[PDB]
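Heads up: the structure comes next, in structure tokens.
Please note: Cβ atoms are built from the backbone with ideal geometry, for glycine as well, and neighbour counts cover all protein chains shown. We did not get these values from a lab; they are worked out from the coordinates using the rules stated.
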Amino acid sequence: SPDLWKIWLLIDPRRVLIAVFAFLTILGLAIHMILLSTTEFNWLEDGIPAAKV
Amino acid sequence: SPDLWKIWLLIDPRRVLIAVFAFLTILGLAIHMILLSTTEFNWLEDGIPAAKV
Amino acid sequence: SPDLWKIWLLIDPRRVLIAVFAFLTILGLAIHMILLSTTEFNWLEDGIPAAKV
Amino acid sequence: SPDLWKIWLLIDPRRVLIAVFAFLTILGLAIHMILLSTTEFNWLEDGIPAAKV
Amino acid sequence: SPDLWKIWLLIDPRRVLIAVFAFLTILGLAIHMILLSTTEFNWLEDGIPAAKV
Amino acid sequence: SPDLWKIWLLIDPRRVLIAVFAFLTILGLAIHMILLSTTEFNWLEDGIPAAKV
Amino acid sequence: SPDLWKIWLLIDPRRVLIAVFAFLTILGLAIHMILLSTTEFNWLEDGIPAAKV
Amino acid sequence: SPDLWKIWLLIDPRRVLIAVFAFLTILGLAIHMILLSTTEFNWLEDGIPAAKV
Amino acid sequence: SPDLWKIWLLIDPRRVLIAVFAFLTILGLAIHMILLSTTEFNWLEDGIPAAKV
Amino acid sequence: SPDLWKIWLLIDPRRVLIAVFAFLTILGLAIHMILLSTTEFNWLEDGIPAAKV
Amino acid sequence: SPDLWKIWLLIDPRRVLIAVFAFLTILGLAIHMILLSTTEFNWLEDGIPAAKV
Amino acid sequence: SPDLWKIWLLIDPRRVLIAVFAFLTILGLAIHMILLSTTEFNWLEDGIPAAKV
Amino acid sequence: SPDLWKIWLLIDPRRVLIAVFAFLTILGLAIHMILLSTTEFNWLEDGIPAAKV
Amino acid sequence: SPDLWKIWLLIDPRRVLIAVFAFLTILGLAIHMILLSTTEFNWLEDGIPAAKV
Amino acid sequence: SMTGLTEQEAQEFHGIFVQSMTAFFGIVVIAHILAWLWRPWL
Amino acid sequence: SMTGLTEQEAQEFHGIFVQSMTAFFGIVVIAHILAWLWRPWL
Amino acid sequence: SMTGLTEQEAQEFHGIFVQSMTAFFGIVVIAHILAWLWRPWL
Amino acid sequence: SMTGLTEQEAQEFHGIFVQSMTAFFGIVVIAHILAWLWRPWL
Amino acid sequence: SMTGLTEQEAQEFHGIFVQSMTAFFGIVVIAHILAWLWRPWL
Amino acid sequence: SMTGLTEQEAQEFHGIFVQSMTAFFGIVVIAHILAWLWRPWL
Amino acid sequence: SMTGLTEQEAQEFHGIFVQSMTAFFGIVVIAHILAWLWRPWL
Amino acid sequence: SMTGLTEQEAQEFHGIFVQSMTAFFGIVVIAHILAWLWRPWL
Amino acid sequence: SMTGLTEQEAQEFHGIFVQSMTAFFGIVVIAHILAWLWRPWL
Amino acid sequence: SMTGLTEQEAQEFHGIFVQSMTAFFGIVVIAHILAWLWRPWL
Amino acid sequence: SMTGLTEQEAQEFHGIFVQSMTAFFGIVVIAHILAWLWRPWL
Amino acid sequence: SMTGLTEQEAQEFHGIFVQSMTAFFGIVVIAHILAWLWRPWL
Amino acid sequence: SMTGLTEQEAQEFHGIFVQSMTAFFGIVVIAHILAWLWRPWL
Amino acid sequence: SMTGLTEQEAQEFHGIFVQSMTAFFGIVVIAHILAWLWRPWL
Ligand SMILES: COC(C)(C)C/C=C/C(C)=C/C=C/C(C)=C/C=C/C(C)=C/C=C/C=C(C)/C=C/C=C(C)/C=C/C=C(C)/C=C/CC(C)(C)OC
Ligand SMILES: COC(C)(C)C/C=C/C(C)=C/C=C/C(C)=C/C=C/C(C)=C/C=C/C=C(C)/C=C/C=C(C)/C=C/C=C(C)/C=C/CC(C)(C)OC
Ligand SMILES: COC(C)(C)C/C=C/C(C)=C/C=C/C(C)=C/C=C/C(C)=C/C=C/C=C(C)/C=C/C=C(C)/C=C/C=C(C)/C=C/CC(C)(C)OC
Ligand SMILES: COC(C)(C)C/C=C/C(C)=C/C=C/C(C)=C/C=C/C(C)=C/C=C/C=C(C)/C=C/C=C(C)/C=C/C=C(C)/C=C/CC(C)(C)OC
Ligand SMILES: COC(C)(C)C/C=C/C(C)=C/C=C/C(C)=C/C=C/C(C)=C/C=C/C=C(C)/C=C/C=C(C)/C=C/C=C(C)/C=C/CC(C)(C)OC
Ligand SMILES: COC(C)(C)C/C=C/C(C)=C/C=C/C(C)=C/C=C/C(C)=C/C=C/C=C(C)/C=C/C=C(C)/C=C/C=C(C)/C=C/CC(C)(C)OC
Ligand SMILES: COC(C)(C)C/C=C/C(C)=C/C=C/C(C)=C/C=C/C(C)=C/C=C/C=C(C)/C=C/C=C(C)/C=C/C=C(C)/C=C/CC(C)(C)OC
Ligand SMILES: COC(C)(C)C/C=C/C(C)=C/C=C/C(C)=C/C=C/C(C)=C/C=C/C=C(C)/C=C/C=C(C)/C=C/C=C(C)/C=C/CC(C)(C)OC
Ligand SMILES: COC(C)(C)C/C=C/C(C)=C/C=C/C(C)=C/C=C/C(C)=C/C=C/C=C(C)/C=C/C=C(C)/C=C/C=C(C)/C=C/CC(C)(C)OC
Ligand SMILES: COC(C)(C)C/C=C/C(C)=C/C=C/C(C)=C/C=C/C(C)=C/C=C/C=C(C)/C=C/C=C(C)/C=C/C=C(C)/C=C/CC(C)(C)OC
Ligand SMILES: COC(C)(C)C\C=C/C(C)=C/C=C/C(C)=C/C=C/C(C)=C/C=C/C=C(C)/C=C/C=C(C)/C=C/C=C(C)/C=C/CC(C)(C)OC
Ligand SMILES: COC(C)(C)C\C=C/C(C)=C/C=C/C(C)=C/C=C/C(C)=C/C=C/C=C(C)/C=C/C=C(C)/C=C/C=C(C)/C=C/CC(C)(C)OC
Ligand SMILES: COC(C)(C)C\C=C/C(C)=C/C=C/C(C)=C/C=C/C(C)=C/C=C/C=C(C)/C=C/C=C(C)/C=C/C=C(C)/C=C/CC(C)(C)OC
Ligand SMILES: COC(C)(C)C\C=C/C(C)=C/C=C/C(C)=C/C=C/C(C)=C/C=C/C=C(C)/C=C/C=C(C)/C=C/C=C(C)/C=C/CC(C)(C)OC
Ligand SMILES: [Ca+2]
Ligand SMILES: [Ca+2]
Ligand SMILES: [Ca+2]
Ligand SMILES: [Ca+2]
Ligand SMILES: [Ca+2]
Ligand SMILES: [Ca+2]
Ligand SMILES: [Ca+2]
Ligand SMILES: [Ca+2]
Ligand SMILES: [Ca+2]
Ligand SMILES: [Ca+2]
Ligand SMILES: [Ca+2]
Ligand SMILES: [Ca+2]
Ligand SMILES: [Ca+2]
Ligand SMILES: [Ca+2]
């Protein structure tokens, strides 16, 4: 929609920016936790490259 | 109904938009958690493609 | 009753709409949970179609 | 009693309607839980029609 | 007592009606719970008529 | 005492009626529960008349 | 003391009546509970008269 | 002391009476509980006179 | 000190009588509990005079 | 210091007296508990003089 | 966007600075903790350089 | 410093006195507890002088 | 940046100083705890120099 | 910095003194706890000088 | 009086209250007769 | 007086209260006689 | 009226309330007939 | 005095209170005699 | 009235509400037919 | 004074209080004599 | 009306809302087609 | 001073307080002499 | 309007918002391409 | 001053306080001498 | 605008903010290069 | 200054405070010498 | 400005702040060199 | 300024503060030298 810019006349741009940044940060943290909770995608505990400890 | 636009004269568009966005985000998170809690649809632990760890 | 429209002079249409939407969403979520909690109707764990994991 | 309509001069019709709707919904949910908690009337886990899982 | 109607000059008829309805509903629910908690009067688990599950 | 009626000039008749009704209901419920908690006076689980279940 | 009636000029007769009735009810309930908690004075679980159950 | 009556010019007679009655009641209840908690002075559970149950 | 009576110009005589009475009662209760918790000084369970139960 | 009496121009004599009395009582109770918590200085459980129970 | 400086006309620079500093500190602490919770990247318990204890 | 007396122009002498006395009392209690928790310095449970119990 | 001094026109120097001092103290305590929780860097339990106890 | 005395124009000298004293006391207590929790530096349980208990 | 109702209002409420209570008691009595015919408890 | 009731009001309320209590006690007595016939406890 | 309704409003609400309740009761009855034909419980 | 009661009111209340307490005590005494005949505890 | 709506407002809201509810019920009926074809429960 | 009582009021209250306390102590003494006769504890 | 919006404002917001919802539904439909091709669940 | 008592009031209260405390300590002494005769603890 | 922003203000904020969101999405797409090259999940 | 006491008031309170504390300390010294005779701890 | 800052103030803060962020990012990049040389994780 | 004390007041309080500190420290030192003679810890 | 400080005073605080931070960092660097000499961790 | 102290007041407080801190640090240094002579930890 060409008039999608009018949404900022309805929802506060500053509150939306704060909420978007906070949600994206929480989402990234959650995804990294989910990946680290798995065995196939825990890049820290994987053994690659070959271990030292 | 052709007069379905009249619903915005009753429920506030801003609160409706905020609630819709929040509910859809929560629903997506819940569906992804439900799929990951299964064995057939946990795309991270399914072993496809073939594991490295 | 032909005069069933008069109920909106008694109960607030906006509050009724909000309550109806929330209750329907909660009811759908609850029914999907009940179906997933069973074995015969958990469409994600039923093994159908044939499993890959 | 022919004058049973006079009860709406005492108890608020809107409050009574909302209480009746909420109580009936809760009662239906409770009955469905009670039936699903039984083996004889859990229509989901009964085995009828013959199972696929 | 022929003057038992005067009790409504003392206790509020609407409050009494609300309390009576609530108490009767709770009492019926409690009695049905007590009956279902027993084996002889649990009409759902009694096996009559003959079971299908 | 012939002037036992004067007690209603001291304690509010409506409050006394409400308290008496509530206390009598609670007492009756308590007695029925105490009888049900025994074996000799649980008329529901006594075996009399002869069981079906 | 012949002037013991003067105590009602000090302690409120309605409050004393309420407290006395409540305390006597609680005391009677407590005594009946203590007797039921024993074996010799539980008239319900005693075996007298001879049991049916 | 002959002037011990002057204590009522200092501590409220009504509050003192209420506190004394409450404390004496609690003390009697506590003593009866302590006696009933012992084998030698539980007059209910003692066996005297000779038991029926 | 001969001027020990001046302490009542400093601390309120009624608050001290209440504190003193309450503290002495609590102290007596505590001492009797301590003695009853011992074996040598539990005069109720000591065996003296010779038991009946 | 000869001018140690000047401390009562800073700290309230009444509050200091109350605190001192309370602290001394608590300290005495605590010390008696500590002595009773030991075997060597529990004068009630020591067996001295020779026991009767 | 060359007009990205206009974001400071919407979100308070001091609040953003405080939030950014706090979030970065928490993020660094969390990353260091995650690394220490592993075996391959716990630089304190890895055994390199060779131990003394 | 010769002008160390000026600290009482900054911190309230009465509040400092209360804090110092409370802290010193707490510290002494804590040290006596620490010593009693040990075996080498619990002078009460030490065995010295020779026991009677 | 040459104009980094202007940050003190935005964040209060006193609050920044207090927060920095508190955070640095907490961070130092945390690092010393982390080192003491390991075996290789617990300088108190490492056995160097050679133990007496 | 020769102008380090100016820090007392921002942070209250009395508050800083109170906080510094409290923090130093807590730090000393914590260090003593850490030392006593170890075997090497518990001067109370180290057995030096030679034990009597 | 205490409830703000008139005497006529109290009498008419009493009449309708007792009528409704009697109807409820009759329904309850029929239900209990059916329950006794189904499974007597005494 | 203290409750705001008149002496006549108190007398008539007391009469109705004692009548209702007597009726309730009579129903309770019939129920307890039935219970004793069904299963005596002493 | 303690509710603010008029007598005509109370009557006309009662008519619609009773009719809607009757329709709801009729749907519950057919559902219960279907449930009894499916799996009788007594 | 401090309860708002008159001296005559206090005397009257005391008389009725003591009469009611005596009646309650007599009923309690009869009940305890019955309980001792049923099952003595000492 | 009590909600502040006009009678015409209430009528038009009721019409749109029943149209939307009918559409929702039709979609739900199609979904349930598909579910019964997929896996009948009775 | 501090309680608002008169000196005569305090005197007469003290008299009645001590008389009632003496009566209570005499009943408790009789009860304890009976308890000692029933089962001595020392 | 009760939200402060005019009729034209409500109409244009409804148009944009439905257009955005349709675009979201199209993206969701493409995602579900991809998920069915990847791993069908029925 | 800060309690509202006069010097004479304080000195008469002190006299009565000490007399009562002395009487209390006399009963406690007899009680402790009796307890020592019954069962010495040291 | 409801947020107090001018239409020109809303237009320019929308432009900058979409540009920043496009840049963020491009960075995320590069990151996910790298993640797929490192370790594909499907 | 800060407590509201006069210098003479503070002096006399200090004198009485020191006398009472000395008496308390003397009783505690005998209590401790008696305890040491009963059972020394060091 | 809504933060109370002037456009020139916003531009200067943005410049200093981005300079500080670039310096922090460069330090972080050096630290991560050192961490990869020390112990690569991929 | 900010405590309401005068310079002379602060000086004399400091003198008495340090004298009391010295007395307390001397008592503590004597106690610790006695403790070391009784049972040295180092 | 926003904190109430003058430009000269922010530049003064900043100079002293950076000097103190540099001194603290130098002490920390010496401590870390000593720690590395004592027990290297990498 | 922010604390209400004068520049001379701040200077004198800083001097006394650093003197007291130096004395405390010297006492701490002596204590740590004694601790090292007692039981070295490194
Ligand atoms: C001019 O007008 C007026 C009215 C103002 C004049 C009047 C003035 C007057 C009368 C002044 C009176 C002043 C007085 C009586 C002052 C008394 C002061 C005293 C007795 C001070 C004592 C101070 C003691 C101190 C501060 C001790 C500190 C000890 C510390 C901090 C110990 C710490 C230990 C730690 C952290 C850990 C130890 C090891 C543990 C215990 C944990 O065990 C392993
Ligand atoms: C004049 O203007 C106006 C507007 C006022 C006129 C209008 C008047 C109108 C319209 C009046 C309407 C009145 C109505 C509708 C009245 C309805 C009354 C009803 C239905 C009354 C019902 C009463 C039922 C009672 C009181 C039941 C009591 C049951 C009891 C106490 C049960 C106790 C059970 C016990 C203690 C134990 C049971 C054992 C268990 C089962 C719990 O365990 C084994
Ligand atoms: C003048 O204007 C007006 C408007 C005021 C005129 C109108 C007047 C009217 C209409 C008056 C109406 C009055 C009414 C309806 C009065 C009703 C009175 C009733 C029903 C009274 C009932 C009383 C029942 C009593 C007090 C029962 C007491 C039972 C007790 C205390 C039981 C105790 C049990 C114990 C302690 C232990 C039991 C052992 C267990 C079973 C718990 O364990 C083994
Ligand atoms: C111009 O003025 C105005 C605006 C006022 C005019 C407008 C008037 C209008 C439009 C009126 C509209 C009225 C409507 C729509 C009324 C609808 C009424 C309905 C649907 C009523 C339904 C009632 C159903 C009831 C009360 C059911 C009660 C069931 C009970 C109490 C069941 C109890 C069960 C128990 C206690 C236990 C059962 C066994 C369990 C479930 C425990 O399982 C073992
Ligand atoms: C005149 O000016 C204005 C502005 C007012 C004009 C505008 C008017 C407009 C635009 C109106 C718009 C109206 C709309 C959009 C209305 C939409 C209505 C809808 C979608 C209604 C839907 C209703 C559905 C209902 C009420 C469903 C109820 C279902 C129930 C109660 C199910 C109960 C189930 C139970 C108790 C148990 C089930 C089984 C278990 C327990 C297993 O489930 C978990
Ligand atoms: C006139 O002036 C102004 C300023 C107002 C003009 C401006 C107007 C503008 C710019 C308007 C903009 C509007 C926009 C952006 C609208 C966007 C609308 C969207 C994206 C709508 C999306 C709707 C999606 C819906 C309603 C989805 C519903 C999903 C449901 C209810 C799912 C239920 C799932 C259940 C019950 C169960 C699932 C299974 C579980 C997960 C439980 O188990 C497997
Ligand atoms: C002038 O106008 C007026 C109206 C004021 C005139 C009227 C004046 C009147 C009438 C005055 C009346 C005064 C009265 C009645 C005074 C009564 C005073 C009494 C009875 C005082 C009693 C004092 C008792 C004391 C202080 C006891 C203290 C006991 C202590 C501190 C015990 C401590 C125990 C410890 C620390 C440890 C025990 C060992 C444990 C139990 C812990 O382990 C075995
Ligand atoms: C001029 O006008 C007026 C009205 C003001 C004149 C009137 C003046 C009057 C009448 C004044 C009266 C004054 C009185 C009665 C004063 C009484 C003073 C007393 C009795 C003071 C007693 C003081 C005792 C003290 C402070 C004891 C302190 C003991 C301490 C701190 C012990 C500490 C122990 C520790 C830390 C550890 C022990 C070992 C543990 C128990 C922890 O483990 C075994
Ligand atoms: C004109 O007048 C005035 C006074 C206004 C002029 C003055 C202006 C001044 C002096 C301005 C000063 C500005 C300054 C000092 C700015 C400093 C800016 C800095 C340092 C910015 C730094 C930003 C860093 C960011 C935003 C980093 C973000 C990182 C994120 C979001 C990382 C997320 C990671 C996730 C979600 C998951 C990662 C993996 C985990 C950690 C979970 O582990 C597996
Ligand atoms: C104009 O008038 C006035 C009055 C204003 C003039 C006066 C001005 C004056 C006197 C100014 C004085 C200023 C002063 C004294 C400033 C002092 C500044 C200092 C000391 C600054 C120090 C800063 C240190 C910083 C920022 C350190 C940061 C460290 C960080 C963020 C570490 C993070 C570590 C992480 C995330 C993880 C570590 C891993 C662990 C160890 C936790 O786990 C493995
Ligand atoms: C002039 O105008 C007016 C309106 C004022 C005139 C009207 C006056 C009227 C109408 C007055 C009416 C008065 C009434 C009705 C008075 C009723 C009085 C009654 C019934 C009094 C009853 C008293 C009973 C008492 C106090 C019983 C006490 C029992 C005690 C304290 C038991 C304690 C037991 C203990 C602590 C220990 C052992 C028990 C356990 C269970 C622990 O043993 C194992
Ligand atoms: C002039 O106008 C007016 C209105 C004021 C005139 C009216 C005056 C009137 C009418 C006055 C009426 C006064 C009355 C009725 C007074 C009644 C007073 C009574 C009955 C007093 C009774 C006192 C009993 C006492 C003080 C008992 C104390 C017992 C104690 C403290 C026991 C403690 C036990 C302990 C701490 C330790 C051992 C017990 C345990 C249970 C622990 O052993 C195992
Ligand atoms: C005219 O005057 C002024 C001052 C107004 C001019 C100034 C305007 C300016 C300067 C504007 C600046 C605007 C800026 C900087 C905008 C930046 C916007 C950005 C970066 C937007 C980014 C958006 C990203 C989105 C919306 C991402 C959404 C992701 C979602 C919803 C993901 C959901 C995932 C779910 C629910 C499910 C699966 C994920 C899990 C983790 C569960 O899978 C396992
Ligand atoms: C002009 O008019 C007036 C009235 C203002 C003049 C008067 C001025 C006066 C009288 C001024 C008086 C000033 C005074 C008395 C100042 C006293 C200053 C003192 C004693 C300063 C002491 C400072 C000590 C410091 C800052 C110690 C810091 C220690 C730290 C931060 C330790 C941290 C440790 C960490 C985080 C990590 C490791 C430790 C652990 C325990 C974790 O290792 C295992
Ligand atoms: Ca790796
Ligand atoms: Ca996969
Ligand atoms: Ca499937
Ligand atoms: Ca089925
Ligand atoms: Ca059945
Ligand atoms: Ca039966
Ligand atoms: Ca029996
Ligand atoms: Ca017995
Ligand atoms: Ca004995
Ligand atoms: Ca002993
Ligand atoms: Ca390492
Ligand atoms: Ca010893
Ligand atoms: Ca070491
Ligand atoms: Ca040692």
Label I:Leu29 and Z:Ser20 with points 7 Å out from Cα along Cα→Cβ: what is the distance between them in nm?
3.7
Grab the DSSP H runs of chain T that are 4 residues or longer, score each as -39,500 (n - 2.57), total them, divide by all residues and round the 222 nm result to the nearest 500 deg cm²/dmol.
-27500 deg cm²/dmol
Cα convex hull of chain J: mean projected area in nm², to one decimal?
6.4
To make sure I understand the rule: partners must be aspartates and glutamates, Cα under 12 Å from the Cα of C:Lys6, and not fewer than 8 residues away in the same chain. Which ones qualify?
Q:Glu9, Q:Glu12, S:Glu7, S:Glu9, S:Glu12
For the rotation that brings chain AA onto chain Q, whose beta-carbon in chain AA is nearest the axis, and what is that distance in whole angstrom?
AA:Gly4, 32
Please give the average number of partner chain Cβ atoms lying within 10 Å of the Cβ of each residue in L:35-41, rounded to a whole number.
6
Helix H:13-37 against the longest principal axis of chain H: what's the angle in degrees, Cα atoms only, rounded to the nearest 10?
20
Using alpha-carbon coordinates, inclination of helix Y:7-38 to the longest axis of chain Y, degrees
0
For the rotation that superimposes chain F on chain K, which residue of F has the C-beta lying nearest to the axis, and at what distance in Å?
F:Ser37, 27
Whether the protein assembly as shown is rounded, prolate or oblate, judged on the alpha carbon gyration tensor where a/c under 1.5 counts as rounded:
oblate
Given the rule -39500 (n - 2.57) for each run of at least 4 DSSP H residues, summed and divided by the residues of chain B, what is its mean residue ellipticity at 222 nm, to the nearest 500 deg cm²/dmol?
-16500 deg cm²/dmol
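Could you work out the mean count of beta carbons from other protein chains within 10 Å of each residue's beta carbon in AA:3-14?
The per-residue average across the peptide is 6.
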Among the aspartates and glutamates, select those whose C-alpha is under 14 Å from the C-alpha of F:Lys52, and discard any that sit fewer than 8 residues away in the same chain.
E:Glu40, E:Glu45, E:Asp46
Number of partner chain Cβ atoms within 10 Å, mean per residue of N:43-51
5
How large is the Kirkwood hydrodynamic radius of chain O, in angstrom, based on all distinct alpha carbon pairs?
12.6
